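Just the one chain here, the form deposited in one PDB entry, laid out as structure tokens.
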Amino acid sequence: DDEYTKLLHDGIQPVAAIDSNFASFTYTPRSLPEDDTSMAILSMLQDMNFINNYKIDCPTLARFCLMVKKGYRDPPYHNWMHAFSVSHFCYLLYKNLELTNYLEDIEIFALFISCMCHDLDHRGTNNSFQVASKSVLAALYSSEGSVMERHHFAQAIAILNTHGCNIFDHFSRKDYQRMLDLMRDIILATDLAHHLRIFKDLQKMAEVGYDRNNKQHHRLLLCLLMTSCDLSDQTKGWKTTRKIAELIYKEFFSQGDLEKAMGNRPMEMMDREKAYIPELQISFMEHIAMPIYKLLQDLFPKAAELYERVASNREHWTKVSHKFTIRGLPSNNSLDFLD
């Protein structure tokens, strides 16, 4: 509530005042105190001129922002600080790439808001679990797939339709509808199965060359950008990829434990007794993360450094893989862990 009063009455801080490096790809948004993140959301929207552009009511935007923030739970990885750093990367794309040369302003706006909302109310489990768990969410969504992502969109709808939070409601009925369809498309695009589905369309687009008058190129690019935001912890330094691996596997292994307790056997990557983190992390980087930033690079030449960084981080993982084998004695100087 004090977050609310401050967000409403203190005024929107300039991004430079947050950090001199705030709009650089080298900046790590997770370094920002979590208490300051709602303010940074407003600063980013102000700096992209969307608040003035779309005549957004700031009190409404403030309320919406805090609703979205409090709409995240606290699993190790899929929490608000994830959504925030994903949203900040969207902002980095805006500042560093000429997105406006590819996308309409409304599409860019939708992408940013979608980043904020895209994992709303995540419970720290994947889509497969909801099914096996017999959760309410599976009952609601399983027959169409993308269970969690459908729930993320529905939560965003629920927030927008909370009194005083509808940042869009002055839009024309036409633009209001476009915003809902954009957010749905974009949030559904964060399901890995969707990404795999559209991947060769993304390639074909990258091959034939992007066409600004091709509206399905707009739609494809929006998905590519959304996924590149979702995975953007991989584009910072080694310490960020190391720390995020830790959060991810903590979350994964917590799911695996639950699957064992209900008498099921988790995927290997969810099973703390089978999962070999360097291999799993290297696979994810080689098959999912790097192809995404390579497509980003093929479309935006200035995104080359993002790809190079991800690849460089991948090679860093290969270099420390050996450390997961205990050579010599443990730090204990004890073999008691064998018993």
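Residue indices: 1-based, along the sequence shown. Only residues modelled in both forms are compared. Basically, rigid core = biggest C-alpha set you can superpose within 1.5 Å across the two forms.
Here the subject shifts to the form deposited in another entry, a form of this protein not shown in this document.
- A 2 Å or larger CA shift between this form and the one not shown, after fitting on the rigid core, occurs at just one of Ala132, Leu196, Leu180, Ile106, namely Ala132.
- Once both forms are fitted on their rigid core, the CA atom of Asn213 lies less than 2 Å apart between this form and the one not shown.
- Shown in the overlay between this form and the one not shown, fitted on the rigid core, is a CA shift at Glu149 of 2 Å or greater.
- Shown in the overlay between this form and the one not shown, fitted on the rigid core, is a CA shift at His88 smaller than 2 Å.
- The distance between the CA atoms of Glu149 and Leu222 is at least 3 Å longer in the other entry than in the form shown here.
- An increase of at least 3 Å in the separation of the C-alpha atoms of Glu149 and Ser43 is found in the other entry, compared with the displayed form.
- Shifted regions between this form and the one not shown (3+ consecutive residues, every CA moving 2 Å or more on the core fit): 121-150, 258-262, 267-275.
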